[PDB]
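Contents: one structure, followed by commentary.
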Amino acid sequence: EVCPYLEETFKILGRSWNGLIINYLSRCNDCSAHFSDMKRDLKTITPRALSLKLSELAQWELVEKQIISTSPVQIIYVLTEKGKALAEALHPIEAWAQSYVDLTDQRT
Amino acid sequence: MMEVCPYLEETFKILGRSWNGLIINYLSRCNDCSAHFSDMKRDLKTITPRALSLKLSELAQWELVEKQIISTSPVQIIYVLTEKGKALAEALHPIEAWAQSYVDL
DNA sequence: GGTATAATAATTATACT
DNA sequence: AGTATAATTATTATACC
């Protein structure tokens, strides 16, 4: 029967965007990006979806929202060590994806 | 500018939904990576039969879990992790190790 | 070993600043 | 660098057999 830690982990992983967002941040310089970077490179995410996800990720303490006192002010999203570790745990998923997924496949 | 892998993206279409990762992991720890409908329903604790059925059809389309008909005396219906499904299950171990170290609970 | 029907929760579309 | 309103999907809650 089922690992309740794994159950908990899918409460974030088993929803839209979370996995892709933490993977994207793990690849950025300093593991950080602005709202507009993520919207641009995630391609099909809406601003409202991106805002909600970032806020849930901040609650899960996977992503940190930092106010930077530059002029004008910058707002950057940065992976926590906990988030960075989760990002590492996704590499073999990436590997599986490049081995087994065919993008031409059709489904209902 | 810092593009996302399309294959990873496609993978999250299954993983980034309710139940799919849990079902694939469950099936990976069953004898012969096989289970009956009621087995999964009982062991997943809180899944509705309709969510289970939908998800099993979803996973069949991805060719992750095959629904097999064993034409015995009363017919048995078995859901079976494919080799592709087994590889996915394996690739979920480091996530489970991360959960151990970080999740609270 | 599941389906039918109905309601809720998650996600997206659009528009806007 | 995000919010607002409304629609559309995804998921669940009950029944039922």
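Here is the naming used below: chain letters follow the sequence lines, and residue numbers restart at 1 for every chain.
- Between the CG atom of A/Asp37 and the SG atom of A/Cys28 there is a distance of 6.5 Å, given to the nearest 0.5 Å.
- Note that the CD1 atom of B/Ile78 and the CD atom of B/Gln68 stand 7.5 Å from one another [nearest 0.5 Å].
- A straight line from CZ of A/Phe35 to P of D/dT3 spans 7 Å, rounded to a whole angstrom.
- Proximity note for A/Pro47 (side chain, C-beta onward) versus C/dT14, C/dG2, D/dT3: the nearest is D/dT3.
- Between B/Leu54 atom CG and C/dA4 atom P there is a gap of 11 Å when expressed in whole angstrom units.
- For the OP1/OP2 pair of D/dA10 and a distance below 4.0 Å, the side-chain nitrogens and oxygens of B/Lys55 include no atom meeting the criterion.
- For the pair A/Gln74 CD and D/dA1 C1', the interatomic distance rounds to 12 Å; values are reported in whole Å.
- For the pair B/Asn20 CG and C/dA10 P, the interatomic distance rounds to 17 Å; values are reported in whole Å.
- Residue-to-nucleotide proximity on DNA chain C shows that, of B/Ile77 and A/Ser16, the 5′-proximal contact is made by B/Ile77.
- Protein atom CZ of B/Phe12 is 13 Å distant from nucleotide atom P of C/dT11, rounded to whole Å.
- When each of C/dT14, D/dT14, D/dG2 is scored by its nearest atom to the side-chain atoms of B/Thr48, the top-ranked nucleotide is D/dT14.
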For this session: Give the C-alpha distance, both sets of side-chain angles, the deciding distance and a yes or no for salt bridge (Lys or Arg N to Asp or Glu O under 4.0 Å) between B/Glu58 and A/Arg107.
Result: CA-CA 9 Å; B/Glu58 214 173 286; A/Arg107 301 158 242 111; over 6 Å; no

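- Within a 6.0 Å radius of CD in A/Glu61, other residues, nucleotides and ligands contribute 12 heavy atoms or fewer.
- With hydrogens and angles left out, the side chain of A/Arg48 and the base of C/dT12 share a donor-acceptor pair within 3.5 Å.
- Atom pair B/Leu59:CG and D/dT11:P shows a separation of 11 Å (rounding to whole Å applied).
- Atom pair B/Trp19:CH2 and C/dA10:P shows a separation of 14 Å (rounding to whole Å applied).
- Within 4.0 Å (heavy atoms only), A/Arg15 reaches sugar-phosphate atoms of the nucleic acid but no base atom.
- Contact annotation for B/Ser38: no contact, since no heavy-atom pair falls under 4.0 Å across all strands.
- Rounded to an integer number of Å, the gap from B/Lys13 NZ to C/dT12 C1' is 13 Å.
- Mapping B/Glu58 and A/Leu54 onto DNA chain D by nearest heavy atom places A/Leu54 closer to the 5' end of the strand.
- Considering OG1 of A/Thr44 and NZ of A/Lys39, their distance stands at 12.0 Å, rounded to 0.5 Å.
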